[PDB]
Student: 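The structure under discussion is supplied below as structure tokens; questions concerning it will follow.
As a basis for the values below, the full set of heavy atoms in this structure was taken, side chains included, without hydrogen atoms, waters or symmetry mates. Every chain is numbered from 1, with letters handed out A, B, ... down the list of sequences.
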Amino acid sequence: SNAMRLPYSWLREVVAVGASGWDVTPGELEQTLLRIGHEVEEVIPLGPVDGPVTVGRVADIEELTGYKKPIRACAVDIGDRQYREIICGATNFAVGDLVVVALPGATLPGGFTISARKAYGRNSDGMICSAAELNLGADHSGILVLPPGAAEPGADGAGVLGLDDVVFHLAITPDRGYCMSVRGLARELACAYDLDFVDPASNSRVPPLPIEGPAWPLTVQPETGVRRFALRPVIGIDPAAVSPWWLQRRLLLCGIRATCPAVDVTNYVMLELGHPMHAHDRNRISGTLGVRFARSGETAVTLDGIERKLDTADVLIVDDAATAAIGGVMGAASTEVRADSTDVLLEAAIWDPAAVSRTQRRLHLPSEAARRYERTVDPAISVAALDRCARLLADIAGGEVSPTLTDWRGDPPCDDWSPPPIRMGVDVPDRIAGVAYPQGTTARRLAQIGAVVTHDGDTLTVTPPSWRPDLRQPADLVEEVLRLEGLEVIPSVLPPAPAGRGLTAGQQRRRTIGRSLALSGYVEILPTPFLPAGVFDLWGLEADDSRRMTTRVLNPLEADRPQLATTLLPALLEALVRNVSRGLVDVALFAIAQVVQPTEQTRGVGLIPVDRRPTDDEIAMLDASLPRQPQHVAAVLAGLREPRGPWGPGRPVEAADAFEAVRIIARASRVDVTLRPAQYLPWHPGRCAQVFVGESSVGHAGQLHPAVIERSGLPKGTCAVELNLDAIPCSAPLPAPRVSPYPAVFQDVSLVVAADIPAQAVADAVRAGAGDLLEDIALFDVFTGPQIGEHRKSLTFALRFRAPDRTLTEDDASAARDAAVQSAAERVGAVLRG
Amino acid sequence: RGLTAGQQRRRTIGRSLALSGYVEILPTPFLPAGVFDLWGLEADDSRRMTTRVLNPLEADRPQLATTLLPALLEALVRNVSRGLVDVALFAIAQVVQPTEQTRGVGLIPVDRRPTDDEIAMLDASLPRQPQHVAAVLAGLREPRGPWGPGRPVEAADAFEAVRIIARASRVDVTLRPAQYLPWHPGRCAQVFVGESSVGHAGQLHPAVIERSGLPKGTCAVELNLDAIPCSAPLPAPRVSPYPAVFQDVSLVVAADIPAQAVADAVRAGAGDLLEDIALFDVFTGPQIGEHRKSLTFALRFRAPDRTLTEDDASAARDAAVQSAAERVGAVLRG
Amino acid sequence: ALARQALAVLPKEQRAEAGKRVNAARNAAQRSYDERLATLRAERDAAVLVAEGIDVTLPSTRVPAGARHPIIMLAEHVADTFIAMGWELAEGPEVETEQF
Amino acid sequence: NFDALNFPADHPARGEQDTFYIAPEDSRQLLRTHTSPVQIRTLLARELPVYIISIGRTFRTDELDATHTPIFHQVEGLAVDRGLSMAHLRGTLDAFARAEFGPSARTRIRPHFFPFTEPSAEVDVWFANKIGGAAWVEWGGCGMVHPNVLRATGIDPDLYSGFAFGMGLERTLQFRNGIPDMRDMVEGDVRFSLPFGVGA
RNA sequence: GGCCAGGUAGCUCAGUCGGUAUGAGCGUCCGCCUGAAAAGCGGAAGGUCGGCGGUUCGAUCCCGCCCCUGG
Ligand SMILES: Nc1ccc2ccccc2n1
Ligand SMILES: [Mg+2]
Ligand SMILES: [Mg+2]
């Protein structure tokens, strides 16, 4: 879309007009183009060939019958008195055609040495070469046929083809549309090398043709954005004429195939000057030519014979009968030039770049004319390109240039296409670059690119040329001076940054969380934001589940995965399947990333004027139109949690390991969490816990549902955990511990509760009743023997009592233990073990 | 430029040890009264070459610390004596180690900057002050609970603390049996990085524990962080999309052969096809032989460009068995 | 399934009607299996809802409690404050010369 | 993402970048293609001077191969102050490259285009331990903040100037360590993360 | 946008233009074996042949539409 192919010989020729004898190596030229801001994607030299590679003429053709494909035994005239007998499998040539022959002893590109062979019962004293075999073009179907008059038989093939040339593959930035021609690139090289430049579109190089009257009646609708529309006819062209070899070759090296002279002229002038041209068969035009917007439901058939559904924003060229062209994109098949065309009407127009860009993108037609118009084409060279086309086409096709010319330039007619002048201080490029440029550097460089510079004290007044509409502000003028002087002259100075505050509390908490999980045996992954296809259906979620309210992507990489992630688990479970399915069956993955949870249907905010700062009310409006993106931490586990070794066979992953991951994230976040049983897919309803920080729910953890594991192809007993980090308040506790120098009292309490009673609820009740004397409590026994009734369990806690100012007695600790036993009896129905 | 590589490493060592169940303490530089006599060190022990303080707070404790262990073991005694019997402490601080008698440097004119020779002469007159990391453990390493009765502290826990420090320092370490007080000669390991000795670890001597009033089975670690070089490796792994081949091999060696030496010999012989090797069985008995042991390793082979046949993996396994035979005298179990 | 592959050896004029009998038997056993799969799956889903309940509050940390010293933590926080302002961390020996 | 950063409407400077748009069509909601919208968000909220970096995920419609990934991470740089110049941008890029490629890292800036910078440039790097031979490889884009961007945030371009840069973390990790397949950097195989150690 | 070639077991891939993919290598499982393993020998399981429809008594195979990859 932004490519620019051109051979160095053509580029050197245009530069050499103003700088005679200018010549550089392809390596140096690539460095210069890069130094001024032209990305060189490729540098491909032609050939190389060695030995006898000569131009020949097919004087006879014998069809060798009795094979798979048509095999031809050809008598080729290579310039001497002995015709060579060549065997060839191509069928794209006839008797009398000029071809390129590689004789025995030649070496084609690729190290292929040519010699005589015994092919198809006959001898092959060489071969007829194709464009691909000579490293000239991409054509490999048939052999290369030079146009008649390209050379005489016996001429050096490398010279006629110009195989010492080098084609340059450029990637032009969208701000330098003027560089999509030999004219612009040569002008850039003249600036970089401080050369005198002769504009190939100037009136000296393209002298104006006579203007004796209108060429064709034309009506232009001005609100279509057209800035110029010129027409000039060329009558009596020879239908049998073809373009010379130098023209067809330069088109080939630029990536354009030659068809007929009329079209070859327009494509050649487009490459030379940057102004797209089109040739209409004037004998097929019926009545007044009209430039207007397309109507609703209107269609048109282009050069390729494809019907195009047009939009009311598309600009058209029409006559009384049909549409003639999709403005700035492609002409129509009604006025196209074919074999019997004798009178042509050349069209030189300047279209609105936005209108062409919209139309070409809707119709998917990025033609050579479209990509140039959408990047603005110089409107001051329209007649010059028109006259260059007429004179060159009449010269090749043996026609006559009509002295008529229609040139619509707007209402009123515009005779000055200069952008508005720009005022800028003479030292502004020096301040932005931090470089003291020599006296007059700014004014010198700005005149080089073609601008008019006047001096008003210390302030310059710069009027950019018509082919540089990208120069609208002093910053644009600064880039011109800086890039031509070379960015390498800018020194390296560290900025005066002020004292910062460093990482935030949330940024530091994430570091601690990832460090703790990795140190605890977890492996970090990067979760993809695109959800898997139908994952929530595999999870068995309700149709109104909050996780299903997703944001969709219009153009995803995979059409079956457009929705964004409302939870980090599907991405982690997908990475877990990858590891398990490749030999790593004992895995523990974790991820820290944001999720996308819309709060409403997707709504957009209109364009706010950029010319000013948006007020805080509109900022709050743009933020409210965005889905909530909270920070989440999640992890999944499968297989062995503890690896096997000399100690034992290892421990498989269980739900308690997911709960331990919660306690690790809690400890890394300096908060206290409580775990309460909950039912929440895709977890096992009997092995699932809802995590709470105080009274706020922050996530879930435990073992996944066995049906979800089956439907998702996960390993058996896979556990998961997910927490909302933004739901956890950032805490910075300042503890003030006072160590007691007095001994402690150790006691164990055994309580019998129902099986459904959580063990933490028993410890919370024992702690609440014991009082301040309780220093530490730890559960170390859960007994469910036959002495304990059914659906009941015995829990034994290790209590440690210590006073801050005295030594306790056993009755002192037993008093707090009894009060703790009474509290457990009231809160969890505990019974002292008997 | 922010923190230096060493300073960043010291934070990682402190974070990793704390997350592994160790509690940081601040060690006092003044040695306990006759601590080396309680350790039973020889009179020519390099640690006995201490720098003495002229005016100490305690007249019986005037020597400065050549090792971090006496201060950590002293803090370990305080915790156990106050009801905290299951305790794991650690400390990261510098020690002092003179290479000669305390030599002073005369006054240098303050009216000017001392030259670089005078600065180097002032630094040479000071004892060597390298930064050490050390840890002590006693009682239960794993606390009891609903899972089971817990595991007491053993020498392997001190070796694991070395590996925790090595993983934090992004370096590889090798353990070799050594006799070095106050460690138990049968439960002591000398830590090496490359070919440089960096410290010792393991269970303490029973006589040292008895004379110092320490808990039975006390284990300790001490490394010289300045002896460990800084490293910033730049790995570039390539994940092979081809399936792996699982194989196990049992090898019989002498009892004194460390299991890491057999694993290294298997790695050296298996070649680049070996993706992972893990030891999961140590077996002894009359089927094996006296003063011998059988070690079984789980091998994972994988090629980066093809699927392997069982003969492909068995060839690399046989080359690993042959490498262990030449290196540690291993015999394929039959 | 063995009756399905036996149709390939049958004469062409017989595979039409003999096949029609095979599918009818094939769909008969398949339709009975599909419903039985759903009923047994529904029973499994209903079993985990009323049983298999664990105590999600049981202690899971088998690693003892560890902690860095608060003085080291304060020095760490003080260092991070000055590094964020562009400063660096210098070091010095504890045993110092009287010259310094 | 586009309008506040001087992206022209209906122009190849905006249409060339194929972006993930949020359904329905013409909703003006999209997945970010660069961490550059954080420039706008910072300039409206914070007070001048501003010296911020931003690290986050960015989304492009590129197919996942050995050297490209549709979802990658980018580090954004924005410095707005009184009297900032290209030399201050060059000084920041040199210090950044010296910290991630060693003391032998020397950069090279060549002109380029970005809708939000004028002048715009691309940064190349060169360190001693080059995995693929010592040569110039592309690192990221940079340049001075366009005055139209400052006007769209309420900053006077006559008093305040600023520069910027943007580099991909995924691209930086490749040629620094010599990683072969970028697919392994994102696919989440533990065989890729484990050789790097625990990390802290 | 073109006519094509591809999507096949857990991984990497053969193979079929109507009734069995007598699928391979590695992966999983069983037996002999070992204190417990692996190899070896001897054996099983596992694919709804990319998805949705259609044609057909019956579709990996024939038709249509769609999803994903290379030219
Ligand atoms: N994210 C990003 C990419 C390219 C930039 C170019 C210039 C300034 C800032 C940029 N940011
Ligand atoms: Mg510019
Ligand atoms: Mg496959």
Student: Is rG18(E) on the north side or the south side, where north means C1'-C2'-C3'-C4' is positive?
Tutor: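 With a negative torsion about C1'-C2'-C3'-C4', the sugar belongs to the south class.
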Student: Please determine whether a side-chain nitrogen of the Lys or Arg among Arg183(D) and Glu63(D) lies less than 4.0 Å from a carboxylate oxygen of the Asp or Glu.
Tutor: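 Salt bridge: no.
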Student: Taking any heavy-atom pair under 4.0 Å as a contact, classify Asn23(C): base, sugar-phosphate, or nothing.
Tutor: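 Answer is base: heavy atoms of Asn23(C) come under 4.0 Å of a base.
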Student: Quick one, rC52(E) with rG64(E), are they a Watson-Crick or G-U pair at under 3.5 Å for both distances?
Tutor: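 Answer is yes for this nucleotide pair.
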Student: With sugar-phosphate meaning primed atoms plus P, OP1 and OP2, does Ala559(A) contact a base, only sugar-phosphate, or nothing at under 4.0 Å between heavy atoms?
Tutor: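 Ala559(A): backbone/sugar contact only, no base atoms under 4.0 Å.
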Student: With stacking defined as ring centroids separated by under 5.5 Å and planes differing by under 30°, is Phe283(B) stacked against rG35(E)?
Tutor: yes
Student: Using Watson-Crick (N1 to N3, and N6-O4 or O6-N4) or G-U wobble (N1-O2, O6-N3) distances under 3.5 Å, do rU55(E) and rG25(E) pair?
Tutor: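 Not paired: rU55(E) with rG25(E) fails the WC/G-U check at 3.5 Å.
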Student: Grab the CG-P distance between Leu557(A) and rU69(E) for me, whole Å please.
Tutor: 7 Å
Student: Relative to the 5' end of RNA chain E, which residue comes earlier, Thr309(B) or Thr296(B), by the nucleotide with the nearest heavy atom?
Tutor: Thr309(B)
Student: For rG46(E), give its Watson-Crick or G-U wobble partner with both distances under 3.5 Å, or none.
Tutor: none
Student: Can you tell me the distance, in whole Å, between the CG atom of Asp276(B) and the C1' atom of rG27(E)?
Tutor: 17 Å
Student: Is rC11(E) north-puckered or south-puckered, judged from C1'-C2'-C3'-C4'?
Tutor: north
Student: Is it the case that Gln174(D) and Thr67(D) place a side-chain donor and acceptor less than 3.5 Å from each other?
Tutor: no
Student: Ignoring hydrogens and angles, does a donor from either the side chain of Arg333(B) or the base of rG35(E) sit under 3.5 Å from an acceptor on the other?
Tutor: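 Such a pair is found, so the answer is yes.
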Student: I want to know whether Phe20(D) and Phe530(A) have ring centres closer than 6.0 Å.
Tutor: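 Aromatic pair counts; centres sit under 6.0 Å.
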Student: Strictly by Watson-Crick or wobble contacts shorter than 3.5 Å, is anything paired with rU34(E), and which nucleotide is it?
Tutor: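 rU34(E) is unpaired by these criteria.
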Student: How long is the line joining CD1 of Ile288(B) and P of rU34(E), in whole Å?
Tutor: 13 Å
Student: Do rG10(E) and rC26(E) make a Watson-Crick or G-U wobble pair, both distances under 3.5 Å?
Tutor: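 Pairing holds for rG10(E) and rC26(E), meeting the Watson-Crick or G-U definition.
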Student: I want to verify a distance call: between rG70(E), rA39(E), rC67(E), whose nearest atom is closest to the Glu310(B) side chain?
Tutor: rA39(E)
Student: Counting only Watson-Crick and G-U wobble pairs, both distances under 3.5 Å, are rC57(E) and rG19(E) paired?
Tutor: yes
Student: Expressed as a whole number of angstroms, how long is the span from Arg302(B):CZ to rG27(E):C1'?
Tutor: 10 Å
Student: Measure CG/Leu37(C) against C1'/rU48(E) and give the value in whole Å, please.
Tutor: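 To the nearest whole Å, that distance equals 13 Å.
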Student: So, are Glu42(A) and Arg5(A) salt-bridged, with charged N and O less than 4.0 Å apart?
Tutor: no
Student: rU28(E) P sits how many Å from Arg582(A) CZ, rounded?
Tutor: 16 Å
Student: When you compare the side chains of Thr359(A) and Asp314(A), does any donor N or O come within less than 3.5 Å of an acceptor on the partner?
Tutor: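 Side chains of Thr359(A) and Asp314(A): pair found under 3.5 Å.
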